[PDB]
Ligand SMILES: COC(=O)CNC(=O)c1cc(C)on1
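A lone chain, given as structure tokens: the form solved without this ligand.
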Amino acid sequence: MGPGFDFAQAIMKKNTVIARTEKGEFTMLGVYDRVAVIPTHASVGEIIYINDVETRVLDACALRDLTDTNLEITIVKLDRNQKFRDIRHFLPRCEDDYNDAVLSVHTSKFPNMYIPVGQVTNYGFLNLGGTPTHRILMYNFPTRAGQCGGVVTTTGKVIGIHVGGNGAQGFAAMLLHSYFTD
């Protein structure tokens, strides 16, 4: 509808796949080469389905901060025959607050879904499903089951992936440039 939705669509159309684990179907963001991200509660194993194709997992790392606190991000390297467009230059370098974000989802249940979530707070600590979690972003939208893995963008920046909600607020794990150096 406007330039926020423009940037979100550009990310969805080239840098997302549908990931399926034994815990469900997730929006999955491809970042560069064969490297993608998914919420850690997806419980990625040795095999994952990517757009309904059986795919070997070459590596999966559940990220934690240097206090050994959950970040709710798993970085997955896929045995895929095709690379992602490199979008690492759209990742923030530091923790921050944002205005006018969009949450974008693409699954069998919710194809081509875009939600203007408005202002995003650097919330920090969250007890997420009983697990102490850091680097949480919060937005005042009543997000629902089916949206985990959704991509949070502003114009020009990919800032997080949706990991949970409390019925009135939604929560995303931050993406930082430093997670994807090589």
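The first residue of the sequence shown is number 1, and the count goes up from there.
The protein also exists as the form deposited with this ligand bound; that form is not presented, and the subsequent description refers to it.
S.K.: Spell out, yes or no, whether the shortest heavy atom distance between residue 163 and this ligand in the bound PDB entry is within 4.5 Å.
M.R.: Judged by the heavy-atom cut-off of 4.5 Å, residue 163 is in contact with this ligand in the bound PDB entry.
S.K.: Would you check, heavy atoms only and a 4.5 Å threshold, whether residue 67 touches this ligand in the bound PDB entry?
M.R.: So residue 67 does not count as contacting this ligand.
S.K.: Using heavy atoms and a 4.5 Å limit, would one call residue 124 a contact residue for this ligand in the bound PDB entry?
M.R.: Although this ligand is absent here, residue 124 would touch it in the bound PDB entry, with heavy atoms inside 4.5 Å.
S.K.: Considering only heavy atoms, tell me if residue 45 and this ligand come within 4.5 Å of each other in the bound PDB entry.
M.R.: Close contact is absent here: in the bound PDB entry, residue 45 is far from this ligand, nothing within 4.5 Å, heavy atoms only.
S.K.: Counting only heavy atoms, which residues in 96-117 are within 4.5 Å of this ligand in the bound PDB entry?
M.R.: The stretch 96-117, when checked against this ligand in the bound PDB entry, contributes no residue at the 4.5 Å heavy-atom cut-off.
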